[PDB]
Every structure is written in structure tokens, then in C-alpha cells.
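Beneath this line is the structure, given in C-alpha cells, with notes to follow.
Here Cβ is always computed from backbone atoms with ideal geometry, including for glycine, and neighbour counts include all displayed protein chains. What follows draws every value from the coordinates through simple rules; no lab data is involved.
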Amino acid sequence: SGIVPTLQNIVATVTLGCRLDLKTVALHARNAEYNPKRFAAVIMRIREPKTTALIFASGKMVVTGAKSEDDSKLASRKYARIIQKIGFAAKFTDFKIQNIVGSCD
DNA sequence: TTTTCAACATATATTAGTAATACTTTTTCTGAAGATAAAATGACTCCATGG
């Protein structure tokens, strides 16, 4: 009622439309970890707006750490700036919220 | 020393998306006495040659 539910995180997805080498991308990043022995994909994160999201080998991705949409597609595009700066063409396609997190009392 | 705190942390459950692997299942799919008989016993006889 007078108290509004809150947005914790929002999960989405984006397809880059091209497949890359997670090894090659793992070479230049500030936020990266890649161990297929542990998990087959690479860690991607940022300090602001404090988002992780995700990356795949096939060139798709999941979006996490987004408290709102102004941060999400913002960050979603930004994580592609390493690639289009370093890796392949990797456009921004198929952006849809996979889930939204919220909490209140 | 012991006790209460605390505190640190870490699972625990949801909902996702992957993607990939590994791992269990499931579902085919084959590799008591006196008749009755069976056979060994034996005699009979056809039929063999030879002096």
C-alpha cells in the first residue's frame, strides 16, 4: 500500500549474433575469469553501475546486477564495448528481461 | 574458566537464463504290488557251400 515494493535485481538477455573465443576475450579485461574446468564461460562485471550480467561462448549473454532498466541496457551495451573495441562485431540484439527481483516489508 | 555474545560465514530456495558435463534412471533387447515292455536268450529253420 503506502509502502512500495523494491527492485533488487533484474535479469535479462542479449544476443551478440556472433561466436567468439572466450580464451581470446579473457586476455584483455578488468573484470574476467575463465575456467571451463569450473564453468565454461567468462566472468564479466563492472564497478558502476555495479552489474555483473554474463557472457556465453555462442555470443549470447544474461543480465544481472541491474537494479533498474536505466542501468541494464546501459550496462548491457557497455559490456559489448570491450568486444567491439577488442573482439568481434557483436551487436546488441534480443534484449528481454528474464526475471526481475523485488522485496519489501 | 565458563558462559553469553557475537560474528562470520555459509547454506538454505526462487527465477531465471545458458551449456556442458556428468549421472542416474528408465526402456528395450538378447544368450505300498501287479500288469507292461524291452532286451537279452535261445531254439528253428532257410539257406550257404562241399566230398
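Of note:
- Within-14-Å neighbourhood charge of residue A:41 [Cβ basis; K, R +1; D, E -1]: +4
- Entry note: chain A has Rg to Rh equal to 1.03, where both radii use alpha-carbon atoms and Rh is the Kirkwood radius.
- Computed from phi, the 3J(HN,Hα) profile of the range A:90-105 under the Karplus parametrisation 6.51, -1.76, 1.60 (θ = phi - 60°) reads 6, 6, 9, 9, 6, 9, 9, 5, 7, 7, 10, 9, x, 7, 6, 9 Hz, with x in place of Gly and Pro.
- Helical contribution to [θ] at 222 nm, DSSP H n ≥ 4, -39,500 (n - 2.57), averaged over chain A, rounded to 500: -6000 deg cm²/dmol
- A:68, A:1 arranged by Cβ crowding within 10 Å, fewest neighbours leading: A:1, A:68
- Ordering A:17, A:65, A:97 by Cα displacement along the dipole of chain A toward the positive end leaves A:17 in first place; charges were set at the Cβ atoms of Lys, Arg (+1) and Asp, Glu (-1).
- Over the range A:42-95, the ratio between the Cα radius of gyration and 2.2 N^0.38 Å evaluates to 1.03.
- Equivalent ellipsoid semi-axes, the range A:1-62, via Cα gyration tensor eigenvalues times 5, rooted, Å: 29, 14, 10
- The charge dipole of chain A, taken about the Cα centre with unit charges on the Cβ atoms of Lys, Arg (+1) and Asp, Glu (-1), comes to about 480 debye, rounded to the nearest 20.
- For chain A, the longest principal axis of the alpha carbon atoms and the long axis of helix A:69-85 meet at an angle near 10°.
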